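6 protein chains.
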Amino acid sequence: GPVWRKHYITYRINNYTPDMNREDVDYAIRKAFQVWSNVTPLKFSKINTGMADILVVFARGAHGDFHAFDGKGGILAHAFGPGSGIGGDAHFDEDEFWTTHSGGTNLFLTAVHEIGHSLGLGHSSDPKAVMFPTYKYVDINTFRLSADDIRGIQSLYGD
Amino acid sequence: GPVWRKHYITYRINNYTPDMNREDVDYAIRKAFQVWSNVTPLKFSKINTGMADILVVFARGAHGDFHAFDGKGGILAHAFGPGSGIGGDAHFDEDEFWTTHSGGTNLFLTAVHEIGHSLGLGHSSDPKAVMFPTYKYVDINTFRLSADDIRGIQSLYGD
Amino acid sequence: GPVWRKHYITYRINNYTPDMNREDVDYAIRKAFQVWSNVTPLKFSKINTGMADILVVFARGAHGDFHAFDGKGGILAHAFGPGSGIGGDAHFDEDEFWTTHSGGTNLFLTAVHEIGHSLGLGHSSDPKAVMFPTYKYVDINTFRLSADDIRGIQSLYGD
Amino acid sequence: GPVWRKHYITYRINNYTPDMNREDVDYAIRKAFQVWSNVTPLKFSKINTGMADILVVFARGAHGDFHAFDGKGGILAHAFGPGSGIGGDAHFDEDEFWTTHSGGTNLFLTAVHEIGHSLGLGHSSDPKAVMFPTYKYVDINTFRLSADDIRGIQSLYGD
Amino acid sequence: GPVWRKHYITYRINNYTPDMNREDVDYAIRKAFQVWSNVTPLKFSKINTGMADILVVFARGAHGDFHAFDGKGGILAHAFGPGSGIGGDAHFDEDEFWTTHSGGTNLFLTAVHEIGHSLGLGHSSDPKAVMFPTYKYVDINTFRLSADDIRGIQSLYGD
Amino acid sequence: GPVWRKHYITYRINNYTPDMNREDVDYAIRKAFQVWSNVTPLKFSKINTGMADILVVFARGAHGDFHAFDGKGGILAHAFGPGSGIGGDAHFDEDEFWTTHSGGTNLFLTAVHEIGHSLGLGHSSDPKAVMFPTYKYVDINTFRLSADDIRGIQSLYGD
Ligand SMILES: CN1c2ccc([C@H]3CN(Cc4ccccc4)C(=O)CO3)cc2CS1(=O)=O
Ligand SMILES: CN1c2ccc([C@H]3CN(Cc4ccccc4)C(=O)CO3)cc2CS1(=O)=O
Ligand SMILES: CN1c2ccc([C@H]3CN(Cc4ccccc4)C(=O)CO3)cc2CS1(=O)=O
Ligand SMILES: CN1c2ccc([C@H]3CN(Cc4ccccc4)C(=O)CO3)cc2CS1(=O)=O
Ligand SMILES: CN1c2ccc([C@H]3CN(Cc4ccccc4)C(=O)CO3)cc2CS1(=O)=O
Ligand SMILES: CN1c2ccc([C@H]3CN(Cc4ccccc4)C(=O)CO3)cc2CS1(=O)=O
Ligand SMILES: [Ca+2]
Ligand SMILES: [Ca+2]
Ligand SMILES: [Ca+2]
Ligand SMILES: [Ca+2]
Ligand SMILES: [Ca+2]
Ligand SMILES: [Ca+2]
Ligand SMILES: [Ca+2]
Ligand SMILES: [Ca+2]
Ligand SMILES: [Ca+2]
Ligand SMILES: [Ca+2]
Ligand SMILES: [Ca+2]
Ligand SMILES: [Ca+2]
Ligand SMILES: [Ca+2]
Ligand SMILES: [Ca+2]
Ligand SMILES: [Ca+2]
Ligand SMILES: [Ca+2]
Ligand SMILES: [Ca+2]
Ligand SMILES: [Ca+2]
Ligand SMILES: [Ca+2]
Ligand SMILES: [Ca+2]
Ligand SMILES: [Zn+2]
Ligand SMILES: [Zn+2]
Ligand SMILES: [Zn+2]
Ligand SMILES: [Zn+2]
Ligand SMILES: [Zn+2]
Ligand SMILES: [Zn+2]
Ligand SMILES: [Zn+2]
Ligand SMILES: [Zn+2]
Ligand SMILES: [Zn+2]
Ligand SMILES: [Zn+2]
Ligand SMILES: [Zn+2]
Ligand SMILES: [Zn+2]
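Residue numbers (the entry's author numbering), protein chains in the order written: chain X, 106 to 264; chain Z, 106 to 264; chain F, 106 to 264; chain E, 106 to 264; chain V, 106 to 264; chain P, 106 to 264.
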């Protein structure tokens with residue numbers, strides 16, 4: 106339902122998980138956004154000062170929004186739909202072991218799903234959709250949005 | 106507790122339910138606001154561009170705020186008390202069948218209740234209050250706030 | 106899913122609401138069960154000693170099962186599906202004002218819905234079904250299960 | 106609402122917290138039950154084989170009933186009201202540091218409160234009641250039920 | 106914490122998912138139990154009449170225990186720890202597409218995890234444990250409990 | 106995780122509890138903030154007009170954010186971590202009896218804990234920490250942050 110009313114959207118990485126190197130996090134997040142900007146007129150920019158539209162946060166258990174994570178495994182992250190303040194923010198469960206590979210939980214893949222929410226997409230019932238609520242590792246090189254993801258995101262922002 | 110610190114309050118209809126015609130939704134919502142402005146110094150205006158104080162959204166199940174609706178029937182909608190960002194926003198469960206009549210769930214009647222929350226009112230224990238938590242259809246022509254609703258809303262904004 | 110594996114089912118009224126006379130409660134509950142036994146091979150009997158299959162309880166707020174009621178209005182009651190121990194038990198929110206008429210919340214009508222759950226039925230999306238999650242008063246003399254209710258209950262116990 | 110329909114009630118200690126010696130746990134629990142049997146016709150017996158009415162369990166986080174504890178501090182324990190199966194069972198959050206003294210969280214004091222629930226008592230609004238929802242250490246030698254606790258428990262079992 | 110006090114444990118399949126053939130369900134469930142009996146003195150038997158210790162149920166959304174499933178994906182099932190009545194029961198989200206292969210959600214693999222709970226095991230933080238809260242398909246022929254699973258289950262029942 | 110990106114932070118008292126005199130509330134809150142500014146470079150100012158970073162609200166039960174309080178005792182208050190809109194806001198359960206002394210629930214002590222959250226601190230497992238989730242009255246004259254509180258708050262804002 107909720108949707109951003111602009112094409113230029115900014116994000117800021119609030120804090121970094123110690124599981125990966127800082128540049129690994131920056132890259133994974135940037136690639137995740139690119140997946141969506143590739144099929145829409147949306148443009149994403151990372152900022153280090155000022156208020157960003159989408160704040161990326163790594164935290165475990167109770168972290169300030171009354172929706173605590175559950176420890177290692179299970180729920181991997183969550184994000185608010187489009188909006189001011191908390192809207193669009195993406196939170197990643199620090200109790201997970203984030204990685205750039207097939208071990209632990211892949212940050213890039215999870216970020217794609219979460220940003221889908223940040224942009225206004227809900228869960229899909231299509232097994233192939235990145236918005237399907239069940240995580241399944243796939244190499245980044247072969248990862249691709251499903252037609253369902255494309256349709257949904259374009260129904261909101263076009264292109 | 107929370108209360109708006111101004112008399113001019115704006116609202117924007119984020120998206121429309123397919124259950125009714127667009128103008129039916131605009132009218133029902135406008136009439137709902139008028140019910141409250143009629144007994145206070147508050148003034149409501151609908152805007153189509155810019156940030157509105159109260160955003161009206163139609164959505165089903167999980168819709169971005171971590172408080173998912175429950176399908177047809179039961180919870181019909183929910184709204185945040187006065188505040189910035191999400192504050193004041195009213196969400197209507199799309200799984201309900203919204204109408205301008207006695208069938209399905211009447212949008213106008215439900216909107217009056219929700220806006221009551223948007224303005225800072227909680228649930229009432231008075232069976233006659235629009236803020237009573239149990240829905241009961243009443244023709245719009247004979248609908249009226251109860252003394253309890255009036256007292257509560259005026260204790261906040263006067264007039 | 107859950108279903109009783111017998112036709113003779115007993116119920117016991119744990120405690121009585123002070124809103125009505127004891128015999129009014131006994132009658133309303135008995136009539137509610139009869140609505141279901143009328144369209145199935147099920148037989149219900151009220152017992153005053155021993156362990157009943159379905160325990161009827163009146164309570165407010167937190168009452169021992171970790172699913173507290175919400176005060177006057179809103180959720181009126183809840184019940185567990187078929188099973189031993191807590192299974193089948195029906196709890197009625199004492200914060201409601203129970204009646205034998207159109208005022209407050211009608212016990213008989215609510216009990217029919219709850220017993221539907223006690224017998225293994227979930228919510229229906231049919232507006233006419235007693236299992237539809239939205240309460241609407243109807244005189245007992247004209248009340249009747251919808252075809253959807255009948256089909257569902259008979260798919261479980263036949264007749 | 107729920108209430109036991111007998112005077113002879115048995116309890117069994119499912120497992121022991123490593124925080125205290127086994128006999129310290131047995132004693133604290135026995136003293137907690139005695140607090141209630143002292144003002145009612147109820148009689149409690151500890152059994153080591155067979156099905157007990159009240160099962161005492163020490164566990165952390167998610168422990169099998171879908172109502173997970175919250176780690177050290179905060180919620181200290183919880184218990185189901187009178188009934189078969191899970192009814193009456195008392196669960197103590199293992200993440201707390203249980204003791205026989207003023208340090209950590211006193212098992213005896215907490216057990217008195219929990220057993221109050223096991224017997225059918227809800228929370229009290231009386232600051233002096235053991236059933237008041239806020240924990241406050243008091244030496245066992247000077248601990249005593251409040252008039253509110255007495256009235257409530259006797260309204261259920263007399264004496 | 107909770108644990109069964111016997112070696113002979115029975116289970117009964119309450120209802121069957123239409124996703125698979127009846128015999129496919131019976132087999133998958135039987136194999137899941139065998140995984141646990143292989144490393145303990147426990148013995149499992151399927152019964153078709155009478156009260157089973159562990160009831161297997163397939164259901165979607167709200168199904169009678171006040172802990173509704175969430176639709177396709179996400180939470181796949183849940184189960185109560187050892188105990189009478191509801192204790193030990195395993196519920197499988199019918200909104201998932203259950204299979205005997207790598208498509209949809211594998212019943213056998215999920216059942217192994219759930220039965221782990223039914224037997225008294227909680228979630229593990231070991232990525233290799235079947236009790237780790239994140240689902241990952243693995244061919245049944247190569248599936249195996251992790252040392253962590255073995256230790257945990259044997260700490261409860263030995264062998 | 107979330108953290109304020111400035112040293113000058115403002116707060117505004119939305120409404121006052123009738124339990125204490127207005128000046129008692131202002132003082133208790135001011136002292137609570139001072140506890141934190143004493144060990145960091147942070148500076149807090151109370152404003153009466155305009156948008157404050159941290160809004161202090163007194164409310165009971167359901168109060169507009171979908172996380173209702175629980176009546177007298179138990180949960181005493183809650184607050185959102187650093188952020189715009191609702192971020193940082195502190196809500197105090199009006200069902201508690203707030204005081205400047207050892208009776209009821211001490212506002213100052215509770216406010217120190219809540220502001221800890223407002224500033225970005227989560228719960229501590231150190232029994233001596235003000236951020237430990239279990240309330241324990243201590244005279245204001247002898248109250249002091251624990252080393253754990255200091256370390257945590259300084260890891261975020263330094264000094
Ligand atoms: C790359 N893809 C991802 C990545 C992440 C997620 C979700 C999974 N998840 C688990 C979950 C979701 C919903 C309910 C319970 C558990 C998360 O928390 C957040 O990320 C789902 C999917 C589908 S996929 O195409 O395989
Ligand atoms: C016109 N009036 C309305 C309209 C809407 C509502 C509420 C009912 N509701 C159901 C509910 C509320 C609380 C808890 C459970 C279910 C909603 O969700 C939102 O609207 C209540 C009432 C009382 S009334 O005077 O008859
Ligand atoms: C006679 N009929 C009843 C009686 C009772 C109920 C439900 C309503 N309800 C409110 C509710 C349900 C679900 C979610 C929020 C609120 C209850 O709690 C229990 O009873 C629903 C219906 C449909 S009806 O044909 O009009
Ligand atoms: C000896 N007494 C106890 C012991 C235990 C408890 C409760 C407190 N508690 C915290 C709680 C309760 C409710 C909500 C949040 C937190 C528990 O979990 C279980 O025990 C309350 C009280 C009141 S007292 O007279 O001081
Ligand atoms: C074969 N294995 C299974 C099978 C099932 C499950 C869980 C997963 N799950 C998702 C979940 C769990 C907890 C929280 C959110 C989502 C379930 O619901 C039930 O089954 C976990 C695991 C770990 S594994 O070794 O790969
Ligand atoms: C002065 N100190 C306070 C003040 C307030 C609080 C918390 C307690 N609490 C109860 C609670 C917390 C978490 C879960 C259940 C119950 C609150 O709600 C808010 O304030 C904790 C503590 C630890 S202390 O050093 O003794
Ligand atoms: Ca997790
Ligand atoms: Ca944002
Ligand atoms: Ca981590
Ligand atoms: Ca929330
Ligand atoms: Ca609904
Ligand atoms: Ca708003
Ligand atoms: Ca609709
Ligand atoms: Ca529950
Ligand atoms: Ca109610
Ligand atoms: Ca029962
Ligand atoms: Ca009543
Ligand atoms: Ca705890
Ligand atoms: Ca029991
Ligand atoms: Ca412990
Ligand atoms: Ca699911
Ligand atoms: Ca069972
Ligand atoms: Ca299915
Ligand atoms: Ca409280
Ligand atoms: Ca704020
Ligand atoms: Ca008060
Ligand atoms: Zn979060
Ligand atoms: Zn998601
Ligand atoms: Zn919403
Ligand atoms: Zn409402
Ligand atoms: Zn109940
Ligand atoms: Zn229902
Ligand atoms: Zn428990
Ligand atoms: Zn309690
Ligand atoms: Zn279930
Ligand atoms: Zn699990
Ligand atoms: Zn709040
Ligand atoms: Zn806290």
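Ideal placement from N, C-alpha and C gives every residue a C-beta, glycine not left out.
Under 6 Å Cβ to Cβ from residue i, same chain only, skipping five residues before and after it: list those, please.
i, result
"residue 66 of chain P", "Examination of residue 66 of chain P is not possible in this model, given that chain P is present from 106 through 264 alone."
"P:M125", "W203"
"P:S223", "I159, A184, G193, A195"
"residue 77 of chain V", "Residue 77 of chain V lies beyond the residue range present for chain V, which begins at 106 and ends at 264; the question has no answer from this structure."
"X:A157", "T115, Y116, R117"
"F:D264", "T145, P146"
Can you tell me whether DSSP reads residue i as helix, strand or coil?
i, result
"X:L226", "coil"
"Z:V108", "coil"
"E:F213", "helix"
"E:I255", "helix"
"E:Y113", "strand"
Ordered along the chain, which non-local residues of its own chain (more than five positions away) have a Cβ less than 8 Å from that of residue i?
i, result
"Z:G188", "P107"
Keeping to the same chain, check which residues put their C-beta closer than 7 Å to that of residue i; ignore five residues upstream and five downstream.
i, result
"F:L147", "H112, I114, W141, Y262"
"V:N211", "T204, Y242"
"Z:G176", "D200"
"F:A167", "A173"
Q: Could you please tell me which residues of the stretch 169 to 181 of chain Z, in chain order, have their CB closer than 8 Å to any CB of chain X?
A: Residues of the stretch 169 to 181 of chain Z whose Cβ lies closer than 8 Å to any Cβ of chain X, in chain order: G169, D170, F171.
Q) Mind listing, in chain order, the residues whose beta carbon lies closer than 6 Å to a non-hydrogen atom of ligand 30? A) Near ligand 30, meaning a beta-carbon closer than 6 Å to one of its heavy atoms, we find Z:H218, Z:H222, Z:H228, Z:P238.
Q) What residue ranges within the stretch 133 to 164 of chain E form continuous alpha helix (DSSP H) runs of no fewer than 4 residues, ordered along the chain? A) DSSP runs (the alpha helix (DSSP H)) wholly in the stretch 133 to 164 of chain E: none.
**Q.** Closer than 5 Å: residues whose CB approaches a heavy atom of ligand 37
**A.** Result (chain order): P:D170, P:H196.
Q | Residues of the stretch 242 to 253 of chain F with Cβ closer than 9 Å to any Cβ of chain Z, in chain order | A | Per Cβ criterion, the list reads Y242.
Q: Ignoring anything shorter than 3 residues or poking outside the stretch 175 to 219 of chain P, list the beta strand (DSSP E) runs there in chain order.
A: Within the stretch 175 to 219 of chain P, the complete beta strand (DSSP E) runs of at least 3 residues are 182 to 184, 195 to 198.
Q.
Please output, in chain order, the residues near ligand 26 using a CB cut-off of less than 6 Å to any non-hydrogen atom of the ligand.
A. Taking each Cβ in turn, the ones that pass are P:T122, P:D124, P:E199, P:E201, P:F202, P:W203.
Q. Residues in the stretch 215 to 241 of chain X with C-beta within 8 Å of chain Z's C-beta atoms, listed in sequence order?
A. Residues of the stretch 215 to 241 of chain X with a C-beta atom less than 8 Å from some C-beta of chain Z are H222, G225, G227, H228, listed in chain order.
Q | Positions along the stretch 118 to 132 of chain X whose CB lies within less than 9 Å of some CB in chain P | A | Result list: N119, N120.
Q.
For the stretch 201 to 216 of chain Z, list every residue whose C-beta sits within 8 Å of some C-beta in chain X, in sequence order.
A. Of all residues in the stretch 201 to 216 of chain Z, none has a Cβ within less than 8 Å of some Cβ in chain X.
Q: Below 9 Å between beta carbons is the criterion; list the residues of the stretch 133 to 145 of chain E that meet it against any residue of chain V, in chain order.
A: Listed in sequence order: no entries.
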